[PDB]
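Undergrad: Pasting in a structure now, in structure tokens, and then I'll have a few things to ask.
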Amino acid sequence: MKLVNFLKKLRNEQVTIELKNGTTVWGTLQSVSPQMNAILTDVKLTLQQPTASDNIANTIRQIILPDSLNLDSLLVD
Amino acid sequence: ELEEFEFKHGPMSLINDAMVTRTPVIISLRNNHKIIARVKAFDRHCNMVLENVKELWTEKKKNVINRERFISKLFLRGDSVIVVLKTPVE
Amino acid sequence: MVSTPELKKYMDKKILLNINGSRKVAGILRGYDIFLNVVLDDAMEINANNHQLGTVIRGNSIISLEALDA
Amino acid sequence: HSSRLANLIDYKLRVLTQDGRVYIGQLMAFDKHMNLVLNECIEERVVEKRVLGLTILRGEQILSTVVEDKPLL
Amino acid sequence: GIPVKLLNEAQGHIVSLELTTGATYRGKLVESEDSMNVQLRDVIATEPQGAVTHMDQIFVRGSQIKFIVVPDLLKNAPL
Amino acid sequence: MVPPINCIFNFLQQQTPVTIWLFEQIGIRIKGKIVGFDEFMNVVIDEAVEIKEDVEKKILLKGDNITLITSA
RNA sequence: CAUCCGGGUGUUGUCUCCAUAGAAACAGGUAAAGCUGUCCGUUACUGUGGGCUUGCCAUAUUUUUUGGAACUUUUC
């Protein structure tokens with residue numbers, strides 16, 4: 001009975017994440033937890049100049065999802 | 001148990017009402033950057049999946065500059081939301 | 001949870017509290033709480049102008065609690 | 001869950017905090033609150049450095065995690 | 001959880017810490033908690049300014065702690 | 001000894017005037033008599049006043065914003 | 001001090017009953033052995049079938065994960 005469960009389906013796609021801190025993060029998602037803690041693969045995060053990180057992982061403001069992803073199919077259990 | 005009861009009667013019902021009506025919404029954020037879009041799905045924490053979003057936010061360089069950007073799909077964590085305005089087209 | 005703190009040794013003794021907003025208070029320790037809410041009697045502000053009052057300080061606020069005399 | 005978090009154990013990590021400071025060192029112990037314990041730590045406030053030793057961070061304070069190097073033998 | 005037990009094990013030794021306040025405190029630790037409360041003695045504070053002071057007894061709230069700094073032998077401890 | 005919620009229970013019966021301080025705002029304070037409260041420390045003040053000493057004139061407060069509750 | 005009736009352990013050569021892959025193939029040495037090198041059986045990445053060493057088991061209202069944040073300005 002949570003919208004979090006939908007994010008566990010999301011795995012594999014790339015997203016630019018914004019945080020409360022005010023950073024921006026392009027990278028592929030590997031896994032998503034019930035407590036929102038996401039782990040990313042092949043990341044390019046910017047705080048300062050942008051710096052690439054391999055394995056990046058409360059602070060999440062919003063995910064800007066890719067345009068190809070069908071919402072109707074994922075919103076079902 | 002009691003969560004089912006409040007979705008029909010309470011404050012959150014007007015999103016369920018609006019989002020089912022295929023409605024657009026104006027949302028005031030905690031970032032000082034308002035969000036104007038149409039909603040897909042919501043939750044008890046106000047975790048909302050938005051579609052076709054457009055922001056409105058001032059700036060300085062200096063004088064006030066407004067800037068807009070279109071986003072296709074957007075999962076918003078309800079902590080960032082401070083005020084929701086559920087405005088109908090009709 | 002709710003570890004009732006070790007303030008038994010401060011009961012009925014003078015104190016020098018500090019609180020949020022850099023404001024501080026002297027008083028006789030009457031009673032304490034789970035959340036560290038405090039009861040002080042003979043409460044005197046420390047602005048340096050010291051005003052007598054006669055007080056329940058909130059737990060959240062508290063930064064610390066001292067002893068004037070050993 | 002926490003299956004991914006055990007995989008990080010005993011790797012040199014780069015941890016950004018809410019203050020902006022960034023701690024670095026191996027990971028010995030981990031929590032459900034994301035309390036991290038770190039060995040032989042070094043902050044980089046920014047052209048700066050400091051030596052601390054064993055550091056136990058809270059969950060509130062932590063922002064992001066990132067592996068610097070592979071697990072040491 | 002282990003991140004709390006390590007703390008309880010450094011009771012007696014001298015500890016350094018950082019609060020949301022911005023200041024760091026250093027002293028012998030007497031009691032801790034699962035909340036992350038603390039009880040210390042002979043504390044030597046040092047704020048953002050550099051201002052040193054002395055505090056005889058102190059209690060804390062964990063919520064207010066950012067992070068601790070613990071003695072070196074506490075890395076061979078059992079997990 | 002005196003626990004904290006039993007202390008606030010006395011302020012209801014006596015109808016004593018009590019000034020309330022806010023969390024992150026020293027510039028502002030409040031006043032009023034206490035009718036009722038709850039487990040989460042929300043308060044229903046009566047004849048409440050906003051206090052330069054600019055006294056501006058029944059409300060309810062959230063328990064997250066309080067710091068001090070003081071008699072008279 | 002001996003003698004005698006006994007025991008277990010290792011190792012070697014046999015005997016009886018029983019087992020099915022095979023890569024049990026090659027070359028090095030000790031007091032010993034895949035001890036070593038090569039080597040081969042499944043196989044290192046999938047889906048069906050078994051077991052667990054696992055999720056630790058589900059908290060938006062004060063000590064961590066549903067925010068006191070947001071914003072501005074001056075100094076070097």
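Labels for the structure tokens follow display order: chains A, B, ..., residues from 1 in each chain, ligands from 1.
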Taking the chain letters and numbering used in this document, name the residues of chain F that DSSP puts in alpha helix (DSSP H), as a list in words.
TA: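 The alpha helix (DSSP H) residues within chain F come out as residues 4, 5, 6, 7, 8, 9, 10, 11, 12 and 13 of chain F.
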Undergrad: Tell me as a PyMOL selection string which residues belonging to chain A come within 9 Å of chain B, counting only C-alpha atoms.
TA: chain A and resi 1-4+20+58+60-67+69+71+75
Undergrad: Keeping only N, CA, C and O atoms, write the selected residues as an mmCIF file, in the first residue's frame.
TA:
```
data_model
loop_
_atom_site.group_PDB
_atom_site.id
_atom_site.type_symbol
_atom_site.label_atom_id
_atom_site.label_comp_id
_atom_site.auth_asym_id
_atom_site.auth_seq_id
_atom_site.Cartn_x
_atom_site.Cartn_y
_atom_site.Cartn_z
ATOM 1 N N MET A 1 0.849 -1.232 0.000
ATOM 2 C CA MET A 1 0.000 0.000 0.000
ATOM 3 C C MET A 1 0.869 1.262 0.000
ATOM 4 O O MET A 1 0.549 2.255 0.656
ATOM 5 N N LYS A 2 1.968 1.218 -0.756
ATOM 6 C CA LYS A 2 2.943 2.303 -0.781
ATOM 7 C C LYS A 2 3.377 2.610 -2.207
ATOM 8 O O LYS A 2 3.416 1.727 -3.062
ATOM 9 N N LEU A 3 3.714 3.876 -2.449
ATOM 10 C CA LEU A 3 4.224 4.310 -3.744
ATOM 11 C C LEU A 3 5.705 3.940 -3.864
ATOM 12 O O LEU A 3 6.275 3.966 -4.953
ATOM 13 N N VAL A 4 6.321 3.607 -2.732
ATOM 14 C CA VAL A 4 7.710 3.167 -2.696
ATOM 15 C C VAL A 4 7.894 1.856 -3.459
ATOM 16 O O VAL A 4 8.902 1.663 -4.137
ATOM 17 N N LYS A 20 17.871 17.600 -1.260
ATOM 18 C CA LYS A 20 17.707 18.758 -0.380
ATOM 19 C C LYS A 20 18.981 19.598 -0.354
ATOM 20 O O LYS A 20 18.925 20.819 -0.211
ATOM 21 N N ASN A 58 16.523 9.796 2.761
ATOM 22 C CA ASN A 58 16.039 11.017 3.404
ATOM 23 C C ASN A 58 16.276 12.280 2.573
ATOM 24 O O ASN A 58 15.431 13.170 2.536
ATOM 25 N N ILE A 60 16.529 12.728 -0.735
ATOM 26 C CA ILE A 60 16.073 12.760 -2.128
ATOM 27 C C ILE A 60 14.832 13.633 -2.311
ATOM 28 O O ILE A 60 13.781 13.352 -1.735
ATOM 29 N N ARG A 61 14.956 14.675 -3.133
ATOM 30 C CA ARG A 61 13.833 15.565 -3.448
ATOM 31 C C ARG A 61 12.940 14.939 -4.511
ATOM 32 O O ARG A 61 11.746 14.735 -4.277
ATOM 33 N N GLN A 62 13.519 14.635 -5.673
ATOM 34 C CA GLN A 62 12.755 14.024 -6.763
ATOM 35 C C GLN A 62 13.605 13.350 -7.840
ATOM 36 O O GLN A 62 14.708 13.797 -8.156
ATOM 37 N N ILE A 63 13.052 12.276 -8.401
ATOM 38 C CA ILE A 63 13.625 11.585 -9.551
ATOM 39 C C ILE A 63 13.000 12.144 -10.825
ATOM 40 O O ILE A 63 11.774 12.199 -10.932
ATOM 41 N N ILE A 64 13.825 12.553 -11.783
ATOM 42 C CA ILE A 64 13.340 12.899 -13.122
ATOM 43 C C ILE A 64 13.473 11.665 -14.004
ATOM 44 O O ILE A 64 14.543 11.388 -14.553
ATOM 45 N N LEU A 65 12.375 10.924 -14.140
ATOM 46 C CA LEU A 65 12.389 9.629 -14.815
ATOM 47 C C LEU A 65 12.528 9.781 -16.331
ATOM 48 O O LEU A 65 12.230 10.845 -16.876
ATOM 49 N N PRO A 66 12.991 8.718 -17.020
ATOM 50 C CA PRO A 66 13.047 8.750 -18.486
ATOM 51 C C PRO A 66 11.658 8.728 -19.126
ATOM 52 O O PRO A 66 10.698 8.247 -18.517
ATOM 53 N N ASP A 67 11.568 9.237 -20.350
ATOM 54 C CA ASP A 67 10.282 9.438 -21.028
ATOM 55 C C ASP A 67 9.694 8.154 -21.619
ATOM 56 O O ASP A 67 8.513 8.118 -21.973
ATOM 57 N N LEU A 69 9.343 5.225 -20.071
ATOM 58 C CA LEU A 69 8.818 4.316 -19.048
ATOM 59 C C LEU A 69 7.285 4.411 -18.917
ATOM 60 O O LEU A 69 6.756 5.491 -18.651
ATOM 61 N N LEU A 71 3.838 4.241 -17.140
ATOM 62 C CA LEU A 71 3.412 4.385 -15.744
ATOM 63 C C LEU A 71 2.281 3.427 -15.368
ATOM 64 O O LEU A 71 2.284 2.865 -14.269
ATOM 65 N N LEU A 75 2.248 0.948 -11.933
ATOM 66 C CA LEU A 75 1.362 1.276 -10.805
ATOM 67 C C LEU A 75 0.517 0.096 -10.309
ATOM 68 O O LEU A 75 -0.112 0.187 -9.255
#
```
Undergrad: I'd like the neighbourhood of residue G:38 as an MDAnalysis selection string, where a residue qualifies if any of its atoms comes within 12 Å (using only C-alpha atoms (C1' of nucleotides)), though same-chain residues fewer than 3 positions away should be ignored.
TA: chainID G and resid 23 25:28 34
Undergrad: With only C-alpha atoms considered, list every residue of chain E at most 6 Å from chain D, as a VMD selection string.
TA: chain E and resid 66 to 70
Undergrad: Next, dump the selected residues to file, keeping only N, CA and C atoms, as a short mmCIF file (atom, residue, chain, number, x, y, z; two decimals), in the first residue's frame.
TA:
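Dumped to result_32.cif:
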```cif
data_model
loop_
_atom_site.label_atom_id
_atom_site.label_comp_id
_atom_site.auth_asym_id
_atom_site.auth_seq_id
_atom_site.Cartn_x
_atom_site.Cartn_y
_atom_site.Cartn_z
N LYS E 66 26.46 15.13 15.75
CA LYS E 66 26.79 14.86 14.36
C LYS E 66 27.57 13.55 14.31
N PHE E 67 28.72 13.53 14.99
CA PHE E 67 29.61 12.37 14.94
C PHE E 67 30.59 12.36 16.11
N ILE E 68 31.09 11.17 16.45
CA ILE E 68 32.06 11.00 17.54
C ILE E 68 33.45 10.70 17.01
N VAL E 69 34.44 10.81 17.89
CA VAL E 69 35.82 10.41 17.60
C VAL E 69 36.35 9.59 18.78
N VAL E 70 36.74 8.35 18.48
CA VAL E 70 36.94 7.32 19.50
C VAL E 70 38.39 6.80 19.48
#
```
Undergrad: Please find the residues of chain G near chain A - the criterion being any atom within 12 Å, counting only C-alpha atoms (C1' of nucleotides) - and write them as a ChimeraX atom specification.
TA: /G:55,58,64-67,69-70
Undergrad: By how many Å are atom CA of residue B:29 and atom CA of residue B:83 apart?
TA: 6.8 Å
Undergrad: Using only C-alpha atoms (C1' of nucleotides), find the one residue out of B:70, B:87, B:52, B:32 that sits nearest to chain G.
TA: B:32
Undergrad: For residue A:53, list every protein, DNA or RNA residue within 9 Å, evaluated using only C-alpha atoms (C1' of nucleotides), and leave out those in the same chain fewer than 5 positions away; present the list as JSON, numbers by chain.
TA: {"A": [41, 42, 43, 44, 45], "D": [66, 67, 68]}
Undergrad: Taking 4 positions as the minimum chain separation for residues in the same chain, which residues sit within 12 Å of stretch 3-17 of chain C when counting only C-alpha atoms (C1' of nucleotides)? Answer as a PDB file with C-alpha atoms (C1' of nucleotides), in the first residue's frame.
TA:
```
ATOM      1  CA  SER C  22      21.991  31.334  24.327  1.00  0.00           C
ATOM      2  CA  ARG C  23      19.714  31.986  27.345  1.00  0.00           C
ATOM      3  CA  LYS C  24      20.481  30.537  30.776  1.00  0.00           C
ATOM      4  CA  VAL C  25      18.836  30.046  34.163  1.00  0.00           C
ATOM      5  CA  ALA C  26      19.633  29.293  37.831  1.00  0.00           C
ATOM      6  CA  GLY C  27      17.308  27.273  40.067  1.00  0.00           C
ATOM      7  CA  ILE C  28      16.623  24.516  42.586  1.00  0.00           C
ATOM      8  CA  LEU C  29      15.990  21.207  40.779  1.00  0.00           C
ATOM      9  CA  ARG C  30      12.527  19.943  41.785  1.00  0.00           C
ATOM     10  CA  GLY C  31      11.611  17.310  39.186  1.00  0.00           C
ATOM     11  CA  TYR C  32      12.553  15.820  35.835  1.00  0.00           C
ATOM     12  CA  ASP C  33      11.029  13.905  32.926  1.00  0.00           C
ATOM     13  CA  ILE C  34      11.584  11.074  30.443  1.00  0.00           C
ATOM     14  CA  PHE C  35      12.143  13.728  27.746  1.00  0.00           C
ATOM     15  CA  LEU C  36      14.196  15.844  30.186  1.00  0.00           C
ATOM     16  CA  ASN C  37      11.536  18.493  30.868  1.00  0.00           C
ATOM     17  CA  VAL C  38      12.590  20.244  34.068  1.00  0.00           C
ATOM     18  CA  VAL C  39      10.985  21.853  37.133  1.00  0.00           C
ATOM     19  CA  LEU C  40      12.976  24.767  38.615  1.00  0.00           C
ATOM     20  CA  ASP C  41      12.126  26.858  41.689  1.00  0.00           C
ATOM     21  CA  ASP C  42      13.607  30.249  42.631  1.00  0.00           C
ATOM     22  CA  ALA C  43      14.309  30.833  38.938  1.00  0.00           C
ATOM     23  CA  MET C  44      16.630  33.716  38.079  1.00  0.00           C
ATOM     24  CA  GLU C  45      17.402  34.819  34.513  1.00  0.00           C
ATOM     25  CA  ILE C  46      20.878  35.658  33.310  1.00  0.00           C
ATOM     26  CA  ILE C  57      11.730  24.396  31.185  1.00  0.00           C
ATOM     27  CA  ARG C  58      11.128  22.260  28.087  1.00  0.00           C
ATOM     28  CA  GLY C  59      13.224  19.174  27.349  1.00  0.00           C
ATOM     29  CA  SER C  61      15.516  23.180  24.395  1.00  0.00           C
ATOM     30  CA  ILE C  62      18.023  22.027  27.003  1.00  0.00           C
ATOM     31  CA  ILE C  63      21.659  22.034  25.927  1.00  0.00           C
ATOM     32  CA  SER C  64      23.193  21.253  29.291  1.00  0.00           C
ATOM     33  CA  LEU C  65      22.964  21.384  33.091  1.00  0.00           C
ATOM     34  CA  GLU C  66      25.744  22.380  35.538  1.00  0.00           C
ATOM     35  CA  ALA C  67      26.428  22.599  39.270  1.00  0.00           C
ATOM     36  CA  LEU C  68      27.551  25.857  40.881  1.00  0.00           C
ATOM     37  CA  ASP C  69      28.974  24.413  44.123  1.00  0.00           C
ATOM     38  CA  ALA C  70      30.701  21.012  44.264  1.00  0.00           C
TER      39      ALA C  70
ATOM     40  CA  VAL E  30      30.802   8.113  31.968  1.00  0.00           C
ATOM     41  CA  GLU E  31      27.503   6.859  30.512  1.00  0.00           C
ATOM     42  CA  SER E  32      25.932   6.545  27.074  1.00  0.00           C
ATOM     43  CA  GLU E  33      22.608   5.420  25.636  1.00  0.00           C
ATOM     44  CA  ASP E  34      20.888   3.745  22.714  1.00  0.00           C
ATOM     45  CA  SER E  35      19.462   7.204  22.013  1.00  0.00           C
ATOM     46  CA  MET E  36      23.070   8.524  21.933  1.00  0.00           C
ATOM     47  CA  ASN E  37      22.810  10.565  25.134  1.00  0.00           C
ATOM     48  CA  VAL E  38      26.141  11.153  26.869  1.00  0.00           C
ATOM     49  CA  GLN E  39      27.501  11.954  30.329  1.00  0.00           C
ATOM     50  CA  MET E  55      32.201  22.236  31.985  1.00  0.00           C
ATOM     51  CA  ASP E  56      32.103  20.027  35.083  1.00  0.00           C
ATOM     52  CA  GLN E  57      29.181  17.724  34.191  1.00  0.00           C
ATOM     53  CA  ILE E  58      27.240  17.473  30.941  1.00  0.00           C
ATOM     54  CA  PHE E  59      24.255  15.607  29.542  1.00  0.00           C
ATOM     55  CA  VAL E  60      23.496  15.649  25.784  1.00  0.00           C
ATOM     56  CA  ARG E  61      20.830  14.664  23.277  1.00  0.00           C
TER      57      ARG E  61
ATOM     58  CA  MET F   1       8.728  14.583  42.485  1.00  0.00           C
ATOM     59  CA  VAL F   2       6.815  16.265  39.625  1.00  0.00           C
ATOM     60  CA  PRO F   3       6.510  14.703  36.122  1.00  0.00           C
TER      61      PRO F   3
ATOM     62  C1'   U G  63      16.757  11.274  20.380  1.00  0.00           C
TER      63        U G  63
END
```
Undergrad: Could you name the residues that touch stretch 4-16 of chain F at 6 Å or less, counting only C-alpha atoms (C1' of nucleotides), but leaving out those on the same chain fewer than 5 positions away, as a list in words?
TA: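 So the residues in contact are residues 33 of chain C; 33, 34 and 35 of chain F.
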Undergrad: Do you know which residues are at most 10 Å from residue D:14 counting only C-alpha atoms (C1' of nucleotides), after dropping those on the same chain fewer than 5 positions away, and could you put them as JSON, numbers by chain?
TA: {"A": [56], "D": [22, 23, 24, 25, 26, 42, 43, 64, 65, 66, 67, 68, 69]}
Undergrad: Please report, as a tab-separated table, each residue of chain G lying at most 8 Å from chain F, together with the nearest pair of atoms and the separation in Å rounded to one decimal; use only C-alpha atoms (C1' of nucleotides), and order rows by chain and ascending residue number.
TA:
```
residue	atom	partner	partner_atom	distance
G:61	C1'	F:40	CA	5.9
G:62	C1'	F:64	CA	7.0
G:68	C1'	F:24	CA	6.7
```
Undergrad: Let's have the selection written as a PDB file, in the first residue's frame, with N, CA, C and O atoms (P, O5', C5', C4', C3', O3' and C1' of nucleotides).
TA:
```pdb
ATOM      1  P     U G  61       5.927   9.679  13.508  1.00  0.00           P
ATOM      2  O5'   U G  61       6.076  11.270  13.560  1.00  0.00           O
ATOM      3  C5'   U G  61       4.930  12.150  13.505  1.00  0.00           C
ATOM      4  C4'   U G  61       4.931  13.107  14.677  1.00  0.00           C
ATOM      5  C3'   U G  61       5.268  12.485  16.031  1.00  0.00           C
ATOM      6  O3'   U G  61       6.582  12.857  16.442  1.00  0.00           O
ATOM      7  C1'   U G  61       3.052  13.381  16.046  1.00  0.00           C
ATOM      8  P     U G  62       7.330  12.036  17.596  1.00  0.00           P
ATOM      9  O5'   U G  62       8.232  13.149  18.295  1.00  0.00           O
ATOM     10  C5'   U G  62       8.850  14.197  17.522  1.00  0.00           C
ATOM     11  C4'   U G  62       9.815  14.977  18.382  1.00  0.00           C
ATOM     12  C3'   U G  62      10.969  14.167  18.969  1.00  0.00           C
ATOM     13  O3'   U G  62      12.208  14.874  18.867  1.00  0.00           O
ATOM     14  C1'   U G  62       9.742  15.201  20.709  1.00  0.00           C
ATOM     15  P     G G  68      10.469  20.327  10.281  1.00  0.00           P
ATOM     16  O5'   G G  68      11.870  21.050  10.040  1.00  0.00           O
ATOM     17  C5'   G G  68      11.946  22.219   9.201  1.00  0.00           C
ATOM     18  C4'   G G  68      13.251  22.966   9.369  1.00  0.00           C
ATOM     19  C3'   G G  68      14.200  22.526  10.471  1.00  0.00           C
ATOM     20  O3'   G G  68      15.525  22.953  10.158  1.00  0.00           O
ATOM     21  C1'   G G  68      13.356  24.656  10.998  1.00  0.00           C
TER      22        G G  68
END
```
Undergrad: Please compute the atom CA of residue D:15-atom CA of residue A:48 distance, one decimal, in Å.
TA: 16.7 Å
